[PDB]
Ligand SMILES: Nc1ccn([C@H]2C[C@H](O)[C@@H](COP(=O)(O)OP(=O)(O)OP(=O)(O)O)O2)c(=O)n1
Ligand SMILES: Nc1ccn([C@H]2C[C@H](O)[C@@H](COP(=O)(O)OP(=O)(O)OP(=O)(O)O)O2)c(=O)n1
Ligand SMILES: Nc1ccn([C@H]2C[C@H](O)[C@@H](COP(=O)(O)OP(=O)(O)OP(=O)(O)O)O2)c(=O)n1
Ligand SMILES: Nc1ccn([C@H]2C[C@H](O)[C@@H](COP(=O)(O)OP(=O)(O)OP(=O)(O)O)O2)c(=O)n1
Ligand SMILES: [Mg+2]
Ligand SMILES: [Mg+2]
């Protein structure tokens, strides 16, 4: 919404920031950006200010040790309701100190300890008031306290989303314990109910569920009942999306399932000075997306594609992207942890820096990821006349490997969500080449490696075609399948998940999600849920 | 804190806004502002954007009817914990759509109904689980639920204060019912405990308590026990401040005690089209403060004060202030309720406007107040050689009466908090006249009609000297008394309150509030609590 005060103030800061970037970013980078050769994301935040992008918040480390929120020294919560309330408070803090999404990974595992304190208190209350059914009481009341907790989290998020922007992601699914199972059902059931009187579909927090054999994949795993609720939820509210724990670990090289930071940014395995695999508290430093159809367009001589020209534009644009990413990483030199206490001093990034410490040292040596985005492989294939998707991407990775070796920053290939960039690249390519059949004519570029829409493909076929890209674009990727109402056909939906889980990493399903308020109309046309009526 | 991201972004919007104001405010107003003749407050928000200033939120009307928060249709809360959580969510909404303080008046009365729903549920739970002590159970658990509710509100406020700014005020004291009494003690007890591990003193929400004979003034009123807790609270955390219900109603002309909007802005009695006295949902449109010592300084000829010159500067500066206030009120013409749905469409301003309705119509005919501020009566008295405080103010009111009759807006005389303006006026007057003994030498002007500090005056004397100004500056006023540690002398403190309550409207007491964390050092040097170490 643009007429709203919070949005107007933000555009003012954004205008000042785009102006400042103009005086800080080397001219050749800004022109390539203005012309649509590449896209420097979030130029309205960075580099005017030394913001970072998305992250996995180290909530576990914050709740167990304490942490300062303002001047107040917060202590380990003593109940589930107070721990999700604190989670919501951390969410508000983190959202205003980075410009990308914030993720709370494995809330079933992390919050589990507070469901137990809540249970214990209801047992201590079963005797103190001489309650007959002591165990079934502590069970009932605890159930209700976890439910209430996640209902309150959802409304907290909903308010932030309207008093500011805030993309937050909640992941779970690997926990088996009874506490962990209760959190999962609590999250899934609040979602199914929806928001407010008319139980509408919320756009955040995004929900992502880990599915794994032995946990909740097959009819006989401990949590198959949850997968069933999860399926009902997805049919009614689109989320959760799912991640195949199996493929996810092979891609990331990580011992435990890696939750995306924001929409789909994936970290790669990393160890601290002592051999420990750290996930939570890590972040991403920014995205610079390469316009791939445009490298191909700029390679035409007359109406003919020139292969040797392409190779030169590709190589030179790769160095250009590198230069763009480094420009912003350099904007972080000399910035102090005073810039964002919640992130650098109080534990959200998993370490404890002193006011006067430089924040950049924390991101070095593979700890933070750095993103080289891309878009439009479908349109690129068309302009070059054959399918070079897997090939061009594999080559980008080899460049990325050298960048990583030269600088120590962990560059990875990222499948840009490009909710708007999909229009912006197409429109700037069009000002130069006009309507190009099958490329710029439709008005937008297809996202990353997705098979274009307008392609009568079955779900399994689409999944089978996209799956290899998940093992290539390691920094971020997702696959979508369009499906009709699956509310009375949960086995259908499950069939697709099962296939997805087996072949790829991160997956979600787009179906219509509406209600005759006698209305609530949601669609995932690009990356987020939205009312297509707007 | 300035190095922090949220603050930096805000300064950017503020810079753009001061620039825009320069192209919208008539030149003669901006110069008078630049030179320190007057002070247009919040120029970093308005008029660049059609923001209003402070308000009493119509929480009662929002909780009982429903209201939309984003797209979610919120319903009457079913528990005390959920109603204060919603209150906190409304607080975040309101703070980001106005630039001044937000007040929740009489939370003891307004929230009372949810303490009863919470009680009922614990009774329905006393039987369902066969509980012996049914009544003492519902009593214990409810007590704890109200306590938990207000503890959660306080931390919510604390987070907002650090992820943005937000001045929020909570008033109570007139409720006698058991539910109302429980809310009051719940608010007072959480405050006494303080925030976090080290139980530090919070700077918000400000707490103000109505004191009244028959309610809680005398040793035998129903709520004298609360006044006693309130006194202990004030000795330990400065708040609450108090308002003499008695004087307050005579000044405002209102049947019920009028809570200040923000720090000390007071509405005057007003009726809707149907004869009803509306308080909640009303607001203030802005403050323009008149530099009084400066009118006197600019009246000196050589080292001598010229009375006839003063009269001319006073008259012309009064018209100037009027012009300044009207300039901004005019900036609101044509602004639609789409600008702030929570405020205009969903009930916070107590009415329900349609997207396409003009917001200005809501403020007309005395509904919103409009502020003419002033400062430095102590320094003015010195420069003119006699005490003309009550006189100059009374004259300002006569001008205000005509302004109100000419425009329909309810202009009132306002005792500007001037946390910074006290330095800014003095420093600009100094660039012109230099060090002036007893006036600009010390570096700041005394607030409104306060007796300057540096004056060995007893508390009752100070109270007796300031009290008449509360019946004059009807738009906003307060009186402070400095006192040493009164923790082991609550009768002393009570003596002062009692005297204050009898003679004036709004009162608070400044004492030292510290803790050897073996530190937390708070002082109210100007208008808010603060760590004088900064
Ligand atoms: N919305 C809230 C409520 C509490 N806290 C903080 C204050 C303490 O440092 C820590 C402890 O929380 P509690 O679990 O103790 O909350 P209660 O005091 O309400 O429950 P109890 O009296 O059972 O401890 O959490 C917080 O950050 N945010
Ligand atoms: N053509 C564009 C591109 C961006 N933006 C705005 C919207 C966002 O608030 C901000 C973020 O811009 P990005 O530069 O990151 O572009 P995207 O939002 O499309 O990409 P993604 O969804 O991958 O973040 O800029 C815009 O209005 N128009
Ligand atoms: N932090 C929260 C929690 C709930 N609500 C909203 C959703 C409903 O429209 C209205 C009703 O709240 P409830 O009192 O029903 O909250 P619960 O569902 O947790 O309790 P219960 O199941 O007893 O109704 O409040 C909200 O705005 N903010
Ligand atoms: N000399 C001044 C005056 C104001 N401001 C800034 C601080 C506030 O965020 C914003 C509000 O300014 P006002 O113009 O309203 O001045 P005050 O804050 O002193 O007055 P009051 O406490 O009555 O709001 O401008 C400032 O830095 N220096
Ligand atoms: Mg506690
Ligand atoms: Mg409910």
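Across peptide B:121-133, the average count of Cβ atoms from other chains found within 10 Å of a residue's Cβ is 3. Figure legend: label point modelled 7 angstrom from the Cα of residue A:482 along Cα→Cβ; residues of segment A:494-512 with amide N under 12 Å from it are A:510-512. Convex hull of alpha carbon positions in segment A:36-156: directionally averaged projected area 10.2 nm². Remark: mean inter-chain Cβ contacts per residue of B:71-78 equal 5, using a 10 Å Cβ-Cβ cutoff to other protein chain atoms.
The residues B:519, A:318, when put in order of fewest to most other Cβ atoms within 10 Å, stand as B:519, A:318. Seen through its C-alpha gyration tensor, with square-root eigenvalues sorted a ≥ b ≥ c, segment A:110-250 comes out oblate because a/c lies at 1.5 or above while a/b is not bigger than b/c. Compute the FRET efficiency between residue B:198 and residue A:419 as 1/(1 + (r/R0)^6), taking r as their Cβ-Cβ distance and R0 = 60 Å, and round to the nearest 0.05. With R0 = 60 Å, the Cβ-Cβ based efficiency is 0.85. The calculated FRET efficiency for the pair residue A:333 and residue A:18, based on their C-beta separation and a Förster distance of 22 Å, comes to about 0.55.
Counted by neighbouring Cβ atoms within 10 Å, the residues B:4, B:82 run from fewest to most as B:4, B:82. If you take the square roots of the eigenvalues of the alpha-carbon gyration tensor of segment B:1-41 and sort them as a ≥ b ≥ c, do you get rounded (a/c under 1.5), prolate (a/b over b/c) or oblate? Cα axes put segment B:1-41 in the oblate bin. Based on DSSP H segments of at least four residues, each scored -39500 (n - 2.57), chain A has a per-residue ellipticity at 222 nm of -14500 deg cm²/dmol. Just check segment B:176-298 against the gyration tensor rule for me: Cα atoms, a ≥ b ≥ c as the square roots of the eigenvalues, rounded for a/c under 1.5, and otherwise prolate or oblate depending on whether a/b exceeds b/c. Verdict is oblate for segment B:176-298. Taking 7 Å steps out from each Cα toward its Cβ at residue A:526 and residue A:7 produces label points 1.5 nm apart. Taking N as the number of residues in the protein assembly as shown, what is its alpha-carbon radius of gyration divided by 2.2 N^0.38 Å? Dividing the Cα radius of gyration by 2.2 N^0.38 Å gives 1.01. Ordering A:128, A:219 from the fewest to the most neighbouring beta carbons within 10 Å gives A:219, A:128. Assuming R0 = 51 Å, can you tell me the calculated FRET efficiency for the pair residue B:365 and residue A:460, based on Cβ-Cβ distance, to the nearest 0.05? Plugging the Cβ-Cβ distance into 1/(1 + (r/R0)^6) gives 0.15.
By the equivalent-ellipsoid construction on the alpha carbon gyration tensor, segment B:461-510 comes out with semi-axes of 22, 10, 8 Å, ordered largest to smallest.
Diffusion coefficient (Stokes-Einstein, Kirkwood radius over C-alpha pairs, 10 °C, 1.306 mPa s) for chain B: 66 µm²/s, rounded to a whole number.
Rule-based calculations on the coordinates, nothing more; no lab input. When we count neighbours, we look across all protein chains shown, and the Cβ atoms used for this are built from the backbone with ideal geometry, even at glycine.
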